[PDB]
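Pasted below: query-v8.txt, compact mmCIF, N, CA and C atoms.
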```txt
# COMPACT_ATOMS: atom_id res chain seq x y z
N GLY A 1 19.49 -10.52 -14.52
CA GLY A 1 18.95 -9.78 -13.34
C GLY A 1 17.49 -10.12 -13.07
N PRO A 2 17.21 -11.31 -12.51
CA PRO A 2 15.85 -11.74 -12.20
C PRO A 2 15.26 -10.97 -11.02
N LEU A 3 14.40 -10.00 -11.32
CA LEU A 3 13.76 -9.20 -10.29
C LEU A 3 12.56 -9.93 -9.69
N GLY A 4 12.83 -10.79 -8.70
CA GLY A 4 11.77 -11.53 -8.06
C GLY A 4 11.05 -10.73 -6.99
N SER A 5 11.39 -11.00 -5.73
CA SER A 5 10.78 -10.29 -4.61
C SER A 5 11.84 -9.74 -3.67
N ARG A 6 13.00 -9.39 -4.22
CA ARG A 6 14.09 -8.86 -3.43
C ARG A 6 13.79 -7.43 -2.97
N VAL A 7 13.40 -6.58 -3.91
CA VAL A 7 13.08 -5.19 -3.60
C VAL A 7 11.88 -5.10 -2.66
N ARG A 8 10.92 -6.01 -2.85
CA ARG A 8 9.73 -6.03 -2.02
C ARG A 8 10.08 -6.23 -0.55
N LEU A 9 10.96 -7.19 -0.28
CA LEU A 9 11.38 -7.48 1.08
C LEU A 9 12.18 -6.32 1.67
N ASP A 10 13.11 -5.79 0.88
CA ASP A 10 13.93 -4.68 1.32
C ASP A 10 13.08 -3.48 1.72
N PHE A 11 12.06 -3.19 0.91
CA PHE A 11 11.16 -2.07 1.18
C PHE A 11 10.42 -2.27 2.50
N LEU A 12 9.85 -3.46 2.68
CA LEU A 12 9.11 -3.78 3.89
C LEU A 12 10.01 -3.68 5.12
N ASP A 13 11.29 -4.00 4.93
CA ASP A 13 12.25 -3.94 6.02
C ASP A 13 12.38 -2.53 6.57
N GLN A 14 12.36 -1.54 5.67
CA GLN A 14 12.47 -0.14 6.07
C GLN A 14 11.21 0.32 6.80
N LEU A 15 10.05 -0.03 6.24
CA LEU A 15 8.78 0.36 6.83
C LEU A 15 8.57 -0.33 8.18
N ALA A 16 8.90 -1.62 8.24
CA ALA A 16 8.75 -2.39 9.47
C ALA A 16 9.74 -1.93 10.54
N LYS A 17 10.95 -1.59 10.11
CA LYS A 17 11.98 -1.14 11.03
C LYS A 17 11.72 0.29 11.49
N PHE A 18 11.36 1.16 10.55
CA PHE A 18 11.09 2.55 10.87
C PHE A 18 9.94 2.68 11.87
N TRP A 19 8.84 1.99 11.59
CA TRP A 19 7.68 2.02 12.47
C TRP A 19 7.99 1.36 13.81
N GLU A 20 8.82 0.32 13.78
CA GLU A 20 9.19 -0.40 14.98
C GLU A 20 9.80 0.55 16.02
N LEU A 21 10.58 1.52 15.55
CA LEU A 21 11.21 2.49 16.44
C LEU A 21 10.17 3.25 17.24
N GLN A 22 9.00 3.45 16.64
CA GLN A 22 7.91 4.17 17.30
C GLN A 22 7.24 3.30 18.35
N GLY A 23 6.98 2.05 17.98
CA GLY A 23 6.35 1.12 18.90
C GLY A 23 4.96 0.71 18.44
N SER A 24 4.71 0.83 17.14
CA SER A 24 3.42 0.47 16.58
C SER A 24 3.43 -0.95 16.02
N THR A 25 4.62 -1.41 15.63
CA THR A 25 4.77 -2.76 15.08
C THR A 25 4.02 -2.89 13.76
N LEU A 26 4.77 -3.00 12.67
CA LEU A 26 4.17 -3.14 11.35
C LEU A 26 3.39 -4.44 11.23
N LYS A 27 2.18 -4.36 10.71
CA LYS A 27 1.33 -5.53 10.54
C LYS A 27 0.81 -5.63 9.11
N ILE A 28 0.93 -6.82 8.52
CA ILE A 28 0.47 -7.04 7.16
C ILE A 28 -0.91 -7.70 7.14
N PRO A 29 -1.98 -6.91 6.94
CA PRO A 29 -3.35 -7.43 6.90
C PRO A 29 -3.61 -8.29 5.67
N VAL A 30 -4.42 -9.33 5.83
CA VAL A 30 -4.74 -10.22 4.73
C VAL A 30 -6.10 -9.88 4.13
N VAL A 31 -6.16 -9.82 2.81
CA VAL A 31 -7.40 -9.51 2.11
C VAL A 31 -7.69 -10.53 1.02
N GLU A 32 -8.91 -11.07 1.03
CA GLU A 32 -9.31 -12.06 0.04
C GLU A 32 -8.41 -13.29 0.11
N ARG A 33 -8.04 -13.68 1.32
CA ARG A 33 -7.18 -14.85 1.52
C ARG A 33 -5.84 -14.65 0.82
N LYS A 34 -5.41 -13.40 0.72
CA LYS A 34 -4.14 -13.09 0.07
C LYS A 34 -3.45 -11.92 0.77
N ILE A 35 -2.18 -11.70 0.43
CA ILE A 35 -1.41 -10.62 1.03
C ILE A 35 -1.70 -9.29 0.33
N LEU A 36 -1.76 -8.22 1.12
CA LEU A 36 -2.03 -6.90 0.58
C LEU A 36 -0.75 -6.25 0.06
N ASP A 37 -0.72 -5.97 -1.24
CA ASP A 37 0.45 -5.35 -1.86
C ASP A 37 0.75 -4.00 -1.21
N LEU A 38 1.96 -3.50 -1.43
CA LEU A 38 2.37 -2.22 -0.87
C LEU A 38 3.19 -1.42 -1.88
N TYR A 39 4.30 -1.99 -2.33
CA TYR A 39 5.16 -1.33 -3.30
C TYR A 39 4.39 -0.97 -4.56
N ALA A 40 3.69 -1.95 -5.12
CA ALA A 40 2.91 -1.75 -6.32
C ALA A 40 1.74 -0.81 -6.07
N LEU A 41 1.07 -1.00 -4.93
CA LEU A 41 -0.07 -0.17 -4.56
C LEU A 41 0.33 1.29 -4.45
N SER A 42 1.53 1.54 -3.92
CA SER A 42 2.03 2.90 -3.75
C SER A 42 2.28 3.56 -5.10
N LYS A 43 2.82 2.79 -6.04
CA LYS A 43 3.11 3.31 -7.37
C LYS A 43 1.82 3.63 -8.13
N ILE A 44 0.85 2.73 -8.05
CA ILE A 44 -0.42 2.91 -8.73
C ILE A 44 -1.11 4.20 -8.27
N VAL A 45 -1.05 4.47 -6.97
CA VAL A 45 -1.67 5.67 -6.42
C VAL A 45 -1.05 6.93 -7.00
N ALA A 46 0.27 7.00 -6.97
CA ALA A 46 0.99 8.16 -7.50
C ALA A 46 0.68 8.37 -8.97
N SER A 47 0.74 7.29 -9.75
CA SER A 47 0.47 7.36 -11.18
C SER A 47 -0.91 7.93 -11.46
N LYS A 48 -1.80 7.85 -10.47
CA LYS A 48 -3.15 8.36 -10.62
C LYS A 48 -3.22 9.85 -10.29
N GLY A 49 -2.31 10.30 -9.43
CA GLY A 49 -2.28 11.70 -9.04
C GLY A 49 -2.03 11.89 -7.56
N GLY A 50 -1.11 11.09 -7.01
CA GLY A 50 -0.80 11.19 -5.60
C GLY A 50 -1.73 10.36 -4.74
N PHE A 51 -2.99 10.76 -4.68
CA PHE A 51 -3.99 10.04 -3.89
C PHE A 51 -5.37 10.67 -4.04
N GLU A 52 -5.45 11.98 -3.80
CA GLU A 52 -6.71 12.70 -3.91
C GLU A 52 -7.31 12.54 -5.30
N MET A 53 -6.46 12.57 -6.32
CA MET A 53 -6.92 12.43 -7.70
C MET A 53 -7.60 11.09 -7.91
N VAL A 54 -7.15 10.07 -7.18
CA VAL A 54 -7.72 8.73 -7.29
C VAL A 54 -9.15 8.71 -6.77
N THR A 55 -9.37 9.32 -5.61
CA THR A 55 -10.70 9.37 -5.01
C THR A 55 -11.64 10.26 -5.82
N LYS A 56 -11.10 11.38 -6.30
CA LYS A 56 -11.89 12.32 -7.08
C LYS A 56 -12.41 11.68 -8.36
N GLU A 57 -11.58 10.83 -8.96
CA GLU A 57 -11.95 10.15 -10.20
C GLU A 57 -12.51 8.76 -9.90
N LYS A 58 -12.30 8.27 -8.68
CA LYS A 58 -12.78 6.95 -8.28
C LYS A 58 -12.06 5.85 -9.05
N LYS A 59 -10.76 6.04 -9.25
CA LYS A 59 -9.95 5.06 -9.97
C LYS A 59 -9.30 4.07 -9.01
N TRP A 60 -9.77 4.05 -7.76
CA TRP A 60 -9.23 3.14 -6.76
C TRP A 60 -9.55 1.69 -7.11
N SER A 61 -10.70 1.48 -7.74
CA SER A 61 -11.13 0.14 -8.13
C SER A 61 -10.12 -0.49 -9.08
N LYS A 62 -9.61 0.31 -10.01
CA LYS A 62 -8.63 -0.17 -10.98
C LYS A 62 -7.33 -0.58 -10.30
N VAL A 63 -7.01 0.09 -9.20
CA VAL A 63 -5.80 -0.20 -8.45
C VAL A 63 -5.84 -1.62 -7.88
N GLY A 64 -6.95 -1.96 -7.23
CA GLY A 64 -7.09 -3.28 -6.65
C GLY A 64 -7.21 -4.36 -7.70
N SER A 65 -7.95 -4.07 -8.77
CA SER A 65 -8.14 -5.03 -9.85
C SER A 65 -6.81 -5.41 -10.49
N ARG A 66 -5.93 -4.42 -10.64
CA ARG A 66 -4.62 -4.65 -11.24
C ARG A 66 -3.81 -5.63 -10.40
N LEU A 67 -4.03 -5.61 -9.09
CA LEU A 67 -3.31 -6.50 -8.18
C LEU A 67 -3.73 -7.95 -8.40
N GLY A 68 -5.03 -8.20 -8.36
CA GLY A 68 -5.54 -9.54 -8.55
C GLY A 68 -6.69 -9.87 -7.63
N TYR A 69 -7.63 -8.93 -7.50
CA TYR A 69 -8.79 -9.12 -6.64
C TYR A 69 -10.05 -9.37 -7.48
N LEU A 70 -10.83 -10.37 -7.07
CA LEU A 70 -12.06 -10.70 -7.78
C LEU A 70 -13.16 -9.70 -7.47
N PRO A 71 -14.02 -9.39 -8.46
CA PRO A 71 -15.12 -8.44 -8.28
C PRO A 71 -16.00 -8.78 -7.08
N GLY A 72 -15.63 -8.26 -5.92
CA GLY A 72 -16.40 -8.53 -4.71
C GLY A 72 -17.26 -7.35 -4.30
N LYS A 73 -17.53 -7.24 -3.01
CA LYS A 73 -18.35 -6.15 -2.49
C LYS A 73 -17.70 -4.80 -2.77
N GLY A 74 -16.62 -4.51 -2.06
CA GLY A 74 -15.92 -3.25 -2.25
C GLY A 74 -14.53 -3.25 -1.65
N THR A 75 -13.62 -3.97 -2.29
CA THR A 75 -12.24 -4.06 -1.82
C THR A 75 -11.54 -2.70 -1.90
N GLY A 76 -12.04 -1.83 -2.78
CA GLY A 76 -11.45 -0.52 -2.94
C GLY A 76 -11.42 0.27 -1.64
N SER A 77 -12.46 0.11 -0.84
CA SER A 77 -12.55 0.81 0.44
C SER A 77 -11.48 0.31 1.41
N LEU A 78 -11.19 -0.98 1.35
CA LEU A 78 -10.19 -1.58 2.21
C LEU A 78 -8.78 -1.18 1.78
N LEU A 79 -8.57 -1.11 0.47
CA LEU A 79 -7.27 -0.73 -0.08
C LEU A 79 -6.91 0.70 0.32
N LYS A 80 -7.88 1.60 0.21
CA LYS A 80 -7.66 3.00 0.56
C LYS A 80 -7.28 3.14 2.04
N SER A 81 -8.05 2.48 2.90
CA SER A 81 -7.79 2.53 4.34
C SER A 81 -6.48 1.84 4.68
N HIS A 82 -6.23 0.69 4.05
CA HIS A 82 -5.01 -0.07 4.29
C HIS A 82 -3.78 0.72 3.85
N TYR A 83 -3.84 1.28 2.65
CA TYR A 83 -2.73 2.06 2.11
C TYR A 83 -2.54 3.35 2.91
N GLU A 84 -3.64 4.05 3.16
CA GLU A 84 -3.59 5.30 3.91
C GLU A 84 -3.72 5.04 5.41
N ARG A 85 -2.68 4.44 5.99
CA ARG A 85 -2.68 4.13 7.41
C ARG A 85 -1.31 3.65 7.88
N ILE A 86 -0.63 2.88 7.03
CA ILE A 86 0.68 2.35 7.37
C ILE A 86 1.72 2.70 6.30
N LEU A 87 1.38 2.46 5.04
CA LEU A 87 2.28 2.74 3.93
C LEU A 87 2.31 4.22 3.59
N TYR A 88 1.13 4.80 3.39
CA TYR A 88 1.03 6.22 3.04
C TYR A 88 1.74 7.11 4.07
N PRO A 89 1.38 7.00 5.36
CA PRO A 89 1.99 7.81 6.42
C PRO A 89 3.51 7.68 6.44
N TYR A 90 4.03 6.56 5.95
CA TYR A 90 5.47 6.33 5.93
C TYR A 90 6.18 7.44 5.16
N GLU A 91 5.73 7.69 3.94
CA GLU A 91 6.33 8.73 3.10
C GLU A 91 6.26 10.08 3.79
N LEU A 92 5.08 10.44 4.28
CA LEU A 92 4.87 11.71 4.96
C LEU A 92 5.83 11.86 6.14
N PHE A 93 6.08 10.75 6.83
CA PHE A 93 6.98 10.76 7.98
C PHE A 93 8.36 11.26 7.59
N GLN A 94 8.84 10.83 6.43
CA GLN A 94 10.15 11.24 5.94
C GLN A 94 10.07 12.58 5.21
N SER A 95 9.02 12.76 4.42
CA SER A 95 8.83 13.99 3.67
C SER A 95 7.88 14.93 4.39
N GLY A 96 7.87 14.86 5.72
CA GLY A 96 7.00 15.71 6.51
C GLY A 96 7.77 16.69 7.37
```

As structure tokens, what does this structure read like?
Amino acid sequence: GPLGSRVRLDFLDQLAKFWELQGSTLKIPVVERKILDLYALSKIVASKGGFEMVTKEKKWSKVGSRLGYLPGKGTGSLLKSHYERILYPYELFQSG
């Protein structure tokens, strides 16, 4: 059972399709000349305490570092905004 990127694509399909119904069109922003994670990023946030716990403790930096970002200016700020705008709202949409 080689778990490559099958689940990743399937997940994006739901988010891209669900949002498509609204008319916003899902867009994947590029950061550091690379693709911005979503599935993994979502898990890391929860493991920290949903989201607020991450900001309160400022553990957002660890989230991006785990992905594979080089110590730059402040990618953490981009991750928070990126996650809390398209991926985050997705869950709330269903659990709202």

Neighbouring residues of region 73-81 of chain A were defined as those with any atom within 8 Å, considering only C-alpha atoms; residues of the same chain fewer than 6 positions away were excluded. Please report them as a PDB file with N, CA and C atoms, keeping the file's coordinate frame.
```pdb
ATOM      1  N   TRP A  60      -9.770   4.050  -7.760  1.00  0.00           N
ATOM      2  CA  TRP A  60      -9.230   3.140  -6.760  1.00  0.00           C
ATOM      3  C   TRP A  60      -9.550   1.690  -7.110  1.00  0.00           C
ATOM      4  N   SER A  61     -10.700   1.480  -7.740  1.00  0.00           N
ATOM      5  CA  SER A  61     -11.130   0.140  -8.130  1.00  0.00           C
ATOM      6  C   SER A  61     -10.120  -0.490  -9.080  1.00  0.00           C
ATOM      7  N   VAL A  63      -7.010   0.090  -9.200  1.00  0.00           N
ATOM      8  CA  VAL A  63      -5.800  -0.200  -8.450  1.00  0.00           C
ATOM      9  C   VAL A  63      -5.840  -1.620  -7.880  1.00  0.00           C
ATOM     10  N   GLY A  64      -6.950  -1.960  -7.230  1.00  0.00           N
ATOM     11  CA  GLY A  64      -7.090  -3.280  -6.650  1.00  0.00           C
ATOM     12  C   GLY A  64      -7.210  -4.360  -7.700  1.00  0.00           C
TER      13      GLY A  64
END
```

What's the 12 Å shell around residue 18 (chain A), counting only C-alpha atoms, without same-chain residues fewer than 6 positions away, as a ChimeraX atom specification?
-> /A:11-12,24-26,86-87,89-91,93-94

Alpha helix (DSSP H) call set, DSSP backbone run, chain A, as an MDAnalysis selection string = chainID A and resid 6:22 39:49 52:57 60:67 75:82 88:94

Report as a list in words: the residues of chain A with a DSSP assignment of strand (DSSP E), based on the backbone of this structure.
->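 Residues of chain A classed as strand (DSSP E): residues 30, 31, 34 and 35 of chain A.
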
Which residue out of A:32, A:20, A:37, A:10 has the minimum interatomic distance to residue 83 (chain A) when only C-alpha atoms are used?
->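 Closest to residue 83 (chain A) of all the choices is A:37.
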
Straight-line distance linking CA of residue 29 (chain A) with CA of residue 17 (chain A), stated in Å to one decimal |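 Here the two named atoms are 17.1 Å from each other.
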
Please measure the separation of CA of residue 31 (chain A) and CA of residue 2 (chain A), giving the value in Å to one decimal.
->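 Atom-to-atom, CA of residue 31 (chain A) and CA of residue 2 (chain A) are spaced 27.4 Å apart.
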
Can you rebuild region 9-33 of chain A with N, CA, C and O atoms and give it as an mmCIF file, keeping the file's coordinate frame?
```cif
data_model
loop_
_atom_site.group_PDB
_atom_site.id
_atom_site.type_symbol
_atom_site.label_atom_id
_atom_site.label_comp_id
_atom_site.auth_asym_id
_atom_site.auth_seq_id
_atom_site.Cartn_x
_atom_site.Cartn_y
_atom_site.Cartn_z
ATOM 1 N N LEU A 9 10.960 -7.190 -0.280
ATOM 2 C CA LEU A 9 11.380 -7.480 1.080
ATOM 3 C C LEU A 9 12.180 -6.320 1.670
ATOM 4 O O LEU A 9 11.950 -5.913 2.808
ATOM 5 N N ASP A 10 13.110 -5.790 0.880
ATOM 6 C CA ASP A 10 13.930 -4.680 1.320
ATOM 7 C C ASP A 10 13.080 -3.480 1.720
ATOM 8 O O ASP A 10 13.328 -2.830 2.736
ATOM 9 N N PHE A 11 12.060 -3.190 0.910
ATOM 10 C CA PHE A 11 11.160 -2.070 1.180
ATOM 11 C C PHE A 11 10.420 -2.270 2.500
ATOM 12 O O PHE A 11 10.373 -1.375 3.339
ATOM 13 N N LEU A 12 9.850 -3.460 2.680
ATOM 14 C CA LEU A 12 9.110 -3.780 3.890
ATOM 15 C C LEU A 12 10.010 -3.680 5.120
ATOM 16 O O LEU A 12 9.560 -3.311 6.202
ATOM 17 N N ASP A 13 11.290 -4.000 4.930
ATOM 18 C CA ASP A 13 12.250 -3.940 6.020
ATOM 19 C C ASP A 13 12.380 -2.530 6.570
ATOM 20 O O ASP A 13 12.492 -2.323 7.781
ATOM 21 N N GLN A 14 12.360 -1.540 5.670
ATOM 22 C CA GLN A 14 12.470 -0.140 6.070
ATOM 23 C C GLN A 14 11.210 0.320 6.800
ATOM 24 O O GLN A 14 11.287 0.977 7.836
ATOM 25 N N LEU A 15 10.050 -0.030 6.240
ATOM 26 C CA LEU A 15 8.780 0.360 6.830
ATOM 27 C C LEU A 15 8.570 -0.330 8.180
ATOM 28 O O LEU A 15 8.118 0.291 9.143
ATOM 29 N N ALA A 16 8.900 -1.620 8.240
ATOM 30 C CA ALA A 16 8.750 -2.390 9.470
ATOM 31 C C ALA A 16 9.740 -1.930 10.540
ATOM 32 O O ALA A 16 9.406 -1.884 11.720
ATOM 33 N N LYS A 17 10.950 -1.590 10.110
ATOM 34 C CA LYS A 17 11.980 -1.140 11.030
ATOM 35 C C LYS A 17 11.720 0.290 11.490
ATOM 36 O O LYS A 17 11.853 0.600 12.678
ATOM 37 N N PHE A 18 11.360 1.160 10.550
ATOM 38 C CA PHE A 18 11.090 2.550 10.870
ATOM 39 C C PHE A 18 9.940 2.680 11.870
ATOM 40 O O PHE A 18 10.060 3.376 12.879
ATOM 41 N N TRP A 19 8.840 1.990 11.590
ATOM 42 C CA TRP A 19 7.680 2.020 12.470
ATOM 43 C C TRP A 19 7.990 1.360 13.810
ATOM 44 O O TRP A 19 7.489 1.788 14.854
ATOM 45 N N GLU A 20 8.820 0.320 13.780
ATOM 46 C CA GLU A 20 9.190 -0.400 14.980
ATOM 47 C C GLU A 20 9.800 0.550 16.020
ATOM 48 O O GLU A 20 9.563 0.403 17.220
ATOM 49 N N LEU A 21 10.580 1.520 15.550
ATOM 50 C CA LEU A 21 11.210 2.490 16.440
ATOM 51 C C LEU A 21 10.170 3.250 17.240
ATOM 52 O O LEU A 21 10.416 3.655 18.377
ATOM 53 N N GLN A 22 9.000 3.450 16.640
ATOM 54 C CA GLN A 22 7.910 4.170 17.300
ATOM 55 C C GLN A 22 7.240 3.300 18.350
ATOM 56 O O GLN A 22 6.967 3.741 19.462
ATOM 57 N N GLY A 23 6.980 2.050 17.980
ATOM 58 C CA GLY A 23 6.350 1.120 18.900
ATOM 59 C C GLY A 23 4.960 0.710 18.440
ATOM 60 O O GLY A 23 4.132 0.291 19.247
ATOM 61 N N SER A 24 4.710 0.830 17.140
ATOM 62 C CA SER A 24 3.420 0.470 16.580
ATOM 63 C C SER A 24 3.430 -0.950 16.020
ATOM 64 O O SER A 24 2.399 -1.611 15.944
ATOM 65 N N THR A 25 4.620 -1.410 15.630
ATOM 66 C CA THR A 25 4.770 -2.760 15.080
ATOM 67 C C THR A 25 4.020 -2.890 13.760
ATOM 68 O O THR A 25 2.788 -2.903 13.737
ATOM 69 N N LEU A 26 4.770 -3.000 12.670
ATOM 70 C CA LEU A 26 4.170 -3.140 11.350
ATOM 71 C C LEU A 26 3.390 -4.440 11.230
ATOM 72 O O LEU A 26 3.891 -5.507 11.604
ATOM 73 N N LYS A 27 2.180 -4.360 10.710
ATOM 74 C CA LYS A 27 1.330 -5.530 10.540
ATOM 75 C C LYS A 27 0.810 -5.630 9.110
ATOM 76 O O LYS A 27 0.313 -4.651 8.552
ATOM 77 N N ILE A 28 0.930 -6.820 8.520
ATOM 78 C CA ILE A 28 0.470 -7.040 7.160
ATOM 79 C C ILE A 28 -0.910 -7.700 7.140
ATOM 80 O O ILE A 28 -1.024 -8.916 7.293
ATOM 81 N N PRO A 29 -1.980 -6.910 6.940
ATOM 82 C CA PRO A 29 -3.350 -7.430 6.900
ATOM 83 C C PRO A 29 -3.610 -8.290 5.670
ATOM 84 O O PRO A 29 -3.079 -8.015 4.591
ATOM 85 N N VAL A 30 -4.420 -9.330 5.830
ATOM 86 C CA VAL A 30 -4.740 -10.220 4.730
ATOM 87 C C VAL A 30 -6.100 -9.880 4.130
ATOM 88 O O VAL A 30 -7.081 -9.686 4.854
ATOM 89 N N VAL A 31 -6.160 -9.820 2.810
ATOM 90 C CA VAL A 31 -7.400 -9.510 2.110
ATOM 91 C C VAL A 31 -7.690 -10.530 1.020
ATOM 92 O O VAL A 31 -6.837 -10.826 0.183
ATOM 93 N N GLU A 32 -8.910 -11.070 1.030
ATOM 94 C CA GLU A 32 -9.310 -12.060 0.040
ATOM 95 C C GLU A 32 -8.410 -13.290 0.110
ATOM 96 O O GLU A 32 -8.066 -13.875 -0.921
ATOM 97 N N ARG A 33 -8.040 -13.680 1.320
ATOM 98 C CA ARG A 33 -7.180 -14.850 1.520
ATOM 99 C C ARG A 33 -5.840 -14.650 0.820
ATOM 100 O O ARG A 33 -5.212 -15.621 0.387
#
```
